[PDB]
Amino acid sequence: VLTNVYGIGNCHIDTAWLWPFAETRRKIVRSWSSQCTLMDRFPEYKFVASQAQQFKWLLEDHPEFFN
Amino acid sequence: XXXXXXXXXXXXXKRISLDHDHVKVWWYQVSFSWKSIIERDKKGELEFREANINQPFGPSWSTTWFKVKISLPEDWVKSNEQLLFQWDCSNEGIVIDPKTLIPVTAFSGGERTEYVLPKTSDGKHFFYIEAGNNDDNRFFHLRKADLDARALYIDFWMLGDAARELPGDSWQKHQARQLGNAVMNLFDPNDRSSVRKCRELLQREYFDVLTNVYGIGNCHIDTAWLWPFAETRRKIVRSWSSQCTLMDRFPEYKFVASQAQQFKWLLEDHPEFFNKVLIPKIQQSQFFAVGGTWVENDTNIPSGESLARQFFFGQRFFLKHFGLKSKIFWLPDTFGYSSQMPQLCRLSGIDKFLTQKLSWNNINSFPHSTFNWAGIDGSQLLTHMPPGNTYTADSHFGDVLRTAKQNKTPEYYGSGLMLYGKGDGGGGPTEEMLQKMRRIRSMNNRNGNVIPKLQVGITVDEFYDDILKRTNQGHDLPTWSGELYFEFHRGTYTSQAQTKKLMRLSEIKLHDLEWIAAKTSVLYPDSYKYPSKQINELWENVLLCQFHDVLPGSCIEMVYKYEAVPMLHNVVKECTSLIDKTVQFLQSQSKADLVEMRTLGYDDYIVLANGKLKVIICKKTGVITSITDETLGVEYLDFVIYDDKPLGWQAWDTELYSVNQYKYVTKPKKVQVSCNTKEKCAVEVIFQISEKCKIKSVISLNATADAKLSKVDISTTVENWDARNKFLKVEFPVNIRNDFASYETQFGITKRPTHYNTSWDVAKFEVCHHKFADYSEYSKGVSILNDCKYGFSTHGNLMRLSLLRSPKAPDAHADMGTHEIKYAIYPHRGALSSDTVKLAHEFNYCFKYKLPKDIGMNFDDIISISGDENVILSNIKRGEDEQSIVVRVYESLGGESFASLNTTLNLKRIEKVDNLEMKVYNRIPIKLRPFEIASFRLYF
Amino acid sequence: XXXXXXXXXXXXXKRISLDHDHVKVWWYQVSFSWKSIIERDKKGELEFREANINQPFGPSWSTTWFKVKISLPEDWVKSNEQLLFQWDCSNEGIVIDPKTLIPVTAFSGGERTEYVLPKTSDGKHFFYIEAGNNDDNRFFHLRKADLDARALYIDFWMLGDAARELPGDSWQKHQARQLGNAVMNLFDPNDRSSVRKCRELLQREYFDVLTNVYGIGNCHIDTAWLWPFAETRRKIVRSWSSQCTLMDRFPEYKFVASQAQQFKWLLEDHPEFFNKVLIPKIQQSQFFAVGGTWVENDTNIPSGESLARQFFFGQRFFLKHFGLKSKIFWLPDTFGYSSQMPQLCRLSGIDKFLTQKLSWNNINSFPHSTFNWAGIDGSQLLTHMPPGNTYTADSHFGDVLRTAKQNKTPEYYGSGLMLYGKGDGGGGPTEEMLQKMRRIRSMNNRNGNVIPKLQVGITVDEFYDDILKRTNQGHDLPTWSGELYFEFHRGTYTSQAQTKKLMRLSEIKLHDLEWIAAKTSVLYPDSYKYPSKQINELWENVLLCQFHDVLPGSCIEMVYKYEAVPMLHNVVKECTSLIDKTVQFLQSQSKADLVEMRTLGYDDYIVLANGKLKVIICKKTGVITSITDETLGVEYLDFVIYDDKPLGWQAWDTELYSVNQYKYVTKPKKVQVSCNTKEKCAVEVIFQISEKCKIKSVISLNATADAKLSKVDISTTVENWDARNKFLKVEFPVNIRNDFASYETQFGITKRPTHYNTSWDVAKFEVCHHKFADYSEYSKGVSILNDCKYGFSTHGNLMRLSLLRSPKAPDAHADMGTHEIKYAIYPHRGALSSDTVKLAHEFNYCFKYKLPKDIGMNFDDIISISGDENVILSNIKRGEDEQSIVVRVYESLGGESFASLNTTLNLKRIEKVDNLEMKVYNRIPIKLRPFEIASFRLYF
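Chains as they are written, first to last, in the numbering used here: chain A, 1 to 67; chain B, 1001 to 1940; chain C, 2001 to 2940.
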């Protein structure tokens, strides 16, 4: 019986919620860093991002070494 | 949900072709052997005649032969087509295509079946087929063909069937539905090109936790049942032939045979070409003999000698060209199991056992199906137990995944267990499509080992190699002490005691002449003296009626008359002939010889006056009141009260009506006394009931120390009349409180409580026994000796013996006619606690006296220095080929005392030897373990 | 657990006595009336002969009479015993004990049944019984008796049966087990004194939340089914007699009758003594007429006139001595329900309705079984709905508590609903032991009101008094708009269109002459002019074949030939005779009269050239490509593509094979054209398929404004051959996106989506229709007119009409033979959106022309000042007794516009009158509500 069980680790972030945008702007950078340390620790991991603007938020806050 | 759309549509609805040849067809019937009819065929004009049509019949014991002479149609065109001839299966018969006669072909398989015509040789052959009647008319037509088209039809039928069994929540069910969809598309509009193509597309849709699912095709045959032995002797040859044609068609197939005598039956009937058939068949692979046992029987009723011969005389085939065997022991239809079986197995060189019934799935203080059996002897038995689905799970099985799920729950292991073939009938069939079954199951599940792999070709020998690895050797394991208990279907066990009376008397009688006939060895030398070849033939006929179905008396009326025929009778008649024979040239050293085997009053005041005890029946009541010991001080109130309750079930099980009052036999009795003497005292009291019938019991006993004995003898004589479907019993309430019931099983004494296990289902609780049953706190109790009745029950401490039973089964001989019954009631004491056991079992001895002319001295006690009261020697006999003799002993009283064994002999040597009469290098033990069978062998 | 011990024991196992009287018994058979055979009995020696034994037979349409002359045995002894005669029930017949002939007794009840002999009169009587053949041999023996002993046997049988139904967790199950125990005790050993005593002891063991459980014994009879009308006419008299003998035996019993014509059938056959039987029977109590309807029919296919007559002509019995009625409306076997029924019910003075199927239990946006039906008209209908167990729950019911639990779940109310009797057969039986049924159920449950009380004698009239109290008047209630949807079993609905072609043509034809025959009133006075007595007899014969089972064509082959017999035919033949009759003395005022009822090219370049539209079939493809409007701008790609898919189910339901490819009729076609003219254009294109068969459709239409019309006409002529079990359809894919499908129902237009409800089960989705179905976003769409086919389907917006169906049912006339089909495809626009509806329905009109001699002027338009295009007048007719005429109108377009009604007349007055033609004091409405039926009456 051919079957497959898979999954993709993902983070769904609301840009404005019971915590504000300026505060959650610091929250989105914590989502990227958890993957970076995971990459060296474990391979083949998959992450997805529903926000294209999420890139810009990281590029504005950390333009130098994180680009 | 389109559930009935896919499932019931295409399942109902060159390629298959039906041609009819009317001429050349002959029919034959005997209203009055295959070798005898071949000479009666070509000569002149005999009862063989033209049929060409369907032949109706009527009920008869006759068999109807049939001959079909077929000419191969055209040349090439219908040769590529699959040739087949369909027959309607009758009660019994055989099928042959003899030249002159080589072959024997299978018949007894189910009403649907296939007969393949050889495509190798182009020409004309003959067909010989007989049909047993009991009427069943045969439908016979020639069937041509294709193999690829019919394959898809079968594969699809087993597909949609597997779709229903699979869980609807799983995607597999929705998958198999879509698989049943696409197939139906091209299958519907009658296209040969589409069907053959769709079959390929379906295979593409097929192929795209360590466990194993296996099975072994087997046939369980009862040698005597509702069809007789002579007729079923023709039925067993149909079981072998079905395998032979299957071997060339499919490999890796496995067959097992519970009968070692089955070989002899085939060798006697077909000695010429079929003796050379078995050797490549058995030796290479695909065949295994389970247990190497001569008979499959109930082990409760007979002695260990019956279990001794079946192993030894079934091992005789090993001396011939034979002997690929298995360590499994198979008693599927056997009701109940002995507690000495774990001891008997290890000594017989057989380490595994199989049990169908007598188990439950729950926490019982017991884990699962698979079990390691530890007897009360202390020995262990590793046994393989099939699930609650028994042997009928894989029997005639096209359902695939159906019972696969129900098999996994009771069993843990690493793998499950499946038994293919039916165990109910003249013999079990083996289906020819099993090749596709293993293949199509390999179509659904992939290959390589990840998911459970499907292999039907593995042998139990390799299966027992897996259990030695995965599970631990073990200390704490599944543990059940003694026997097992589930619904017994006791039934005929206590019914028709007359066949027991004949057998039990024949049992001891055949067990009588055995050893002492080796004691005359010195007297007149030739081979010296022993009926080696003579007593061997004796055990041949006796074991035939001792089978599990035959012995209790559950069967049709025809073979039941064959039970009371010389088969049982002549054995006693031949043994009573030999006992009067061997005496002539032996006893001549005896002037007057008493021959016994061992090794060292008032009416109105209602009293029989003597010292030992007192037992009194009250006036006009008919019921015994006071049984009381003066020295002991125990007084009884509620004895020997006969009770009659009806029965509303068949022969198999026993089911009483809901809260039905059992009618007492108490009535306006009269008082009488048989004789007058100090030697002989019998007081007579009449009992009667509605639809007047005379129920008589007798009273016999010897006083004390003019008559001498410690035990009463009460024998019952009743001639049954009128009302049927009744069950008669006699009650002996002890009026005492005990949580334990002392009972002597086969070769020992098992310990069973007064109350059945809390997992028990059926209301009525009855126990099968050998001779006596007791209740002992060891300071006192009550002992009950009995004859011809193997049954009894525990009522809350009321002793109840079963006199007779009359089932509603289609047997008219289980209802009426006279019966002679015998039993006893014995006083118990701590000092006599070992005495009651000794005075119980062998009391069946019959006094016999005869004298010759006088020259000699008749007193010799030849036994050498043993003298153990706690031990009892059941059997000592000779060998097969030398004539070395064996000695088997077993300890009567065990569980407390460790018996020191000083047993030995003189002028020769001795070594310990197992139940198979095979040489074993521990030597003679100086001390015997509790509940241990000690068997030895004697050499010159 | 002693489960099979109590249940299966005593249930199987003066008092009942069987005596045999061989002599005096006579038998009779007709291989060629009860009043005709009584004169043929005593005279001479006729075919009446001595039987005295069992009489075998063979298949025939014949009936076999039987005569038993019985003399009462002894005097007193066997008089106290219950006298009984057991008969084996055949297909049909009657039983009589006539002197000379008073009685008529019941037969049609089940194979088991009882016939009581009167103990009041001591003497000798006669028995007349006939057996209908279709063979069934009768077993006839005289049976004497007691009543008390048999009562206990029945009560115990219904006891243990109730024990199994009761929850095992409850103590009641363990109680009833113990109740079944003590009874079996004294019952087993054959004691009459014990049985009669134990029966009393059992009653003592019996007697020691407001809810109600009731039921009404009823018989649902189909006037035409697999047995014919003439034969079932004898079957209906057996339904009445079973009640008559039950009334004296048991009181409070309730019976209901769905047929008002059932009264007339009995009054015609037994006018003398049985006209006086009904009056005390119906008037007092125990009898109720449901709906007062002349016929029980499917309401989808016919018009409202068929529903108008059945109410009115069924209310004619009320004018006789009759009229105890109920407010319930009963259509259990009717498939589907109209949306105008809530409007038709309130006007007919009937406030309740019953529906068997077409419901589900879940949250549907719907609570339960009990329902208040709100039609699309806005009116409300309170209806009583039986559970999912339908009417077969209480049918032949001895099981007591069995279905009592399953009845409580779908229904809330304060109480449940049970319908006693079978609705499948020649007629339903009513059991005579129902007296004990109500009593024994009062034995288990106590009396007084705490727990639910058991009363089978309550009437639905009082039941509707309970619903008015407990539940609120309501605003928000259970609500379902339009019709109901469950598995329809459409089946024969689209099958055998030939019986529809005859009926649908007879439908309009009988609906034709109705009103205009009252327009000649002034011309020649006698009664003036109208076929009052003549057209009344016309509707008598027509409604007979319009029943729910008969009309769709689901039936045996025998009565199917009676459908195409003059029964349907002569109606058209008599109406075409009258239309040529009344014209003679009428049309004589017309020189040349056009009679119609109302109130005010190329081949290779493949074109038929005109202004209105263009429809093109591609070359060699056979499939229409472009249907396109220039002004509108809608282009179509995928029209009129015939599709043939097989069918694997019976006549009842329709089940297609799993994913079976439907064969297209496309083939190497050739091109042709019928005629050449501007008036007439028909282009011919041939289609063929495997096993060659000629499938022909035609093309007809009128151009624009030389020919004038807005709509095409395409008629299909196909003669079926060879392959059966096929289902033919023609597809009209719109290539458009709409979530709504415009369809005109009976008296209005219902609104149904493109997708079936999410609770739908069966894959195939098809809808029954009257004439046309459309898809409209109101700016555009596609309209499809059709004839003789009531079925269609919604494929995802692909219009598919069903041409023919051939079921696998045992009917050989549903397979082969020619058929004439007709339909159409119409262009849709917002302005023509009201036009398409007007050009659809009544297009079935047939042009007819005839002329007499000339004196007069033939132009008169007599209609007075209405002129509403959104309204359509379906029926205007006269009355029964005066000869006042009624006018019924209904609004075609509704749900949006509120139609102002200016409709009135001159020289007379007018008042609003309901569908029952009963006088109603609101007056003529000046404005009509959307989807409202407006009916009025006209007086001099």
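C-beta: ideal position from N, C-alpha, C; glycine also.
- Message: For the beta strand (DSSP E) containing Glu1130 (chain B), name the first residue and the last one.
- Response: 1128-1132
- Task: Name, in chain order, the residues that DSSP records as bridge partners for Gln1029 (chain B).
- Result: B:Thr1064
- Give the residues of chain B in contact with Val1 (chain A), contact being defined as C-beta atoms less than 8 Å apart. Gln1172, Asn1444, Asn1445, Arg1446, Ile1451
- Among B:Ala1308, B:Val1104, B:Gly1336, B:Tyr1662, which has the Cα closest to the Cα of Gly1349 (chain B)? B:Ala1308
- Message: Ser2783 (chain C) and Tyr2845 (chain C) - do their beta-carbons sit closer together than 8 Å?
- Response: no
- Item | Status (buried if at least 16 other CB within 10 Å, exposed otherwise) for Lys1357 (chain B) | buried
- Item | Beta-carbon neighbours of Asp1155 (chain B), restricted to chain A and to distances below 8 Å | The premise fails here: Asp1155 (chain B) is roughly 17 Å from chain A at the closest Cβ pair, so nothing lies under 8 Å.
- Message: As a quick exercise: from C:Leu2905, C:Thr2471, C:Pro2387, C:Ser2395, pick the residue whose alpha carbon is nearest that of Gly2414 (chain C).
- Response: C:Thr2471
- Task: Kindly indicate if chain A contains any beta-carbon less than 8 Å away from that of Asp1208 (chain B).
- Result: yes
- Message: Excluding the 5 residues flanking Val2634 (chain C) on each side, which residues of the same chain have their C-beta closer than 7 Å to its C-beta?
- Response: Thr2628, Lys2780
- Could you confirm whether any beta carbon from chain B is found closer than 8 Å to the beta carbon of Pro2646 (chain C)? yes
- Could you tell me whether any Cβ in chain B is nearer than 8 Å to the Cβ of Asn2660 (chain C)? yes
- Query: If you measure beta-carbon to beta-carbon, which residues of the stretch 1650-1675 of chain B are closer than 7 Å to chain C?
  - Reply: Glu1655, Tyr1657, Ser1658, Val1659, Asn1660, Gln1661
- Query: Do the CB positions of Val2104 (chain C) and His2270 (chain C) come within less than 8 Å of each other?
  - Reply: yes
- Going along the stretch 1179-1190 of chain B in order, which residues come within less than 7 Å of chain C, judged by CB to CB distance? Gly1180, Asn1181, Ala1182, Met1184, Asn1185, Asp1188
- Message: Could you compute how far the alpha carbon of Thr1903 (chain B) sits from the alpha carbon of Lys1912 (chain B)?
- Response: 12 Å
- Nearest-angstrom Cβ-Cβ length linking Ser1339 (chain B) and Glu1483 (chain B), presumed shorter than 8 Å: 6 Å
- Could you have a look at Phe1156 (chain B) and say whether DSSP puts it in helix, strand or coil? helix
- Query: So, is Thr2716 (chain C) buried or exposed, given that buried needs 16 or more other C-beta atoms within 10 angstroms?
  - Reply: buried
- Task: Please look up how many angstroms separate the CB atoms of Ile2876 (chain C) and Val2886 (chain C), rounded, as I've assumed it's under 8 Å.
- Result: 7 Å
- Give me the Cα-Cα distance between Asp1526 (chain B) and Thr1520 (chain B), rounded to the nearest whole angstrom. 11 Å
- Query: Helix or strand or just coil, what does DSSP make of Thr1750 (chain B)?
  - Reply: strand
- Message: Going by DSSP in three states, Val1685 (chain B) sits in which element: helix, strand or coil?
- Response: strand
- Message: Using C-beta distances below 7 Å, list every residue in its chain close to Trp1265 (chain B), excluding the 5 sequence neighbours before and after it, in chain order.
- Response: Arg1233, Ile1236
- Message: Within the continuous alpha helix (DSSP H) that includes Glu1514 (chain B), where are the two ends?
- Response: 1498-1516
- Is the stretch 2485-2501 of chain C touching the stretch 2569-2577 of chain C in the sense that three or more CB pairs, one from each, lie closer than 8 Å? no
- Item | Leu1901 (chain B) to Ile1933 (chain B) span [Cα, whole Å] | 12 Å
- Could you check how far apart the C-beta atoms of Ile1328 (chain B) and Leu1354 (chain B) are, in whole angstroms? I think they sit under 8 Å. 6 Å
- Item | Given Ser1874 (chain B) as reference, the closest of B:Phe1273, B:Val1920, B:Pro1302, B:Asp1706 once Cα atoms are compared | B:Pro1302
- Does the beta-carbon of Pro1387 (chain B) have 16 or more other beta-carbons within 10 angstroms, so that it is buried, or is it exposed? buried
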